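What follows is one chain in structure tokens, specifically the form deposited in one PDB entry.
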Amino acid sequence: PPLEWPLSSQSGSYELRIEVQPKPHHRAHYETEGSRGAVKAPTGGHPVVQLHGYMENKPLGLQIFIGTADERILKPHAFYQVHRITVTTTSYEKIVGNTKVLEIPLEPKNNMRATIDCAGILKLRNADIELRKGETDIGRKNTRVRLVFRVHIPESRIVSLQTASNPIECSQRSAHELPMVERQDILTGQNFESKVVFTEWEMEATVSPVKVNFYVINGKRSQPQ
């Protein structure tokens, strides 16, 4: 079942859930550089993923890849690949289509719970990707990703679950300069002479049914909401 297919995070009594979410900022590294580390959690630990409602005593693979955080439907990000780090967990890398995918064991003895400390992020160069035949996606200014996890549970048929993380900003500059919105309804985020502006219409909100968006502004705007 291709990565480009959408899947539920649950089916029947099975549910794949992100227990601890990644930080909102992880600076990716290039091939012309050293590793810039595993994706960290705000704890100072690491993302945690759990599968619920698996009763059997045989372990499963958890697959990890880097997807989009865009308005369109979710897909492998053309310009970022997961990076194996070699760390508590054993892991290995396979290719699936044009996409690199990392696989971690998910074990009954740990309640199908895993700490993700062995996945960093590699930034590919826009020029290189945009040349590949069949590719029309645009790198420039597309530096937000999500960790995507999927799992394959066999019966007698295969139930295939996917959960994607909150967006991560992988750009050094955007992390220094931009406000980032994590949660709403009280706004929490990062790098908050701040203003908040609603549009459709344009109207500053005062502060430290219809379809309509807001943005937090510094300069240097967050994404629309």
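Counting begins at 1, following the sequence as shown.
Form deposited in another entry: not shown, discussed below.
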Checklist entry - Pick from 173, 141, 136, 73: which one is at the hinge of the rigid turn seen between the shown form and the other one? => result 173
Checklist entry - Once you compare with this form, do the C-alpha atoms of residue 18 and residue 71 lie closer or farther in that other deposited form, given a change of 3 Å or more? => result closer
Checklist entry - Relative to the form shown here, do the C-alpha atoms of residue 176 and residue 148 sit closer together or farther apart in that other deposited form, given a change of 3 Å or more? => result farther
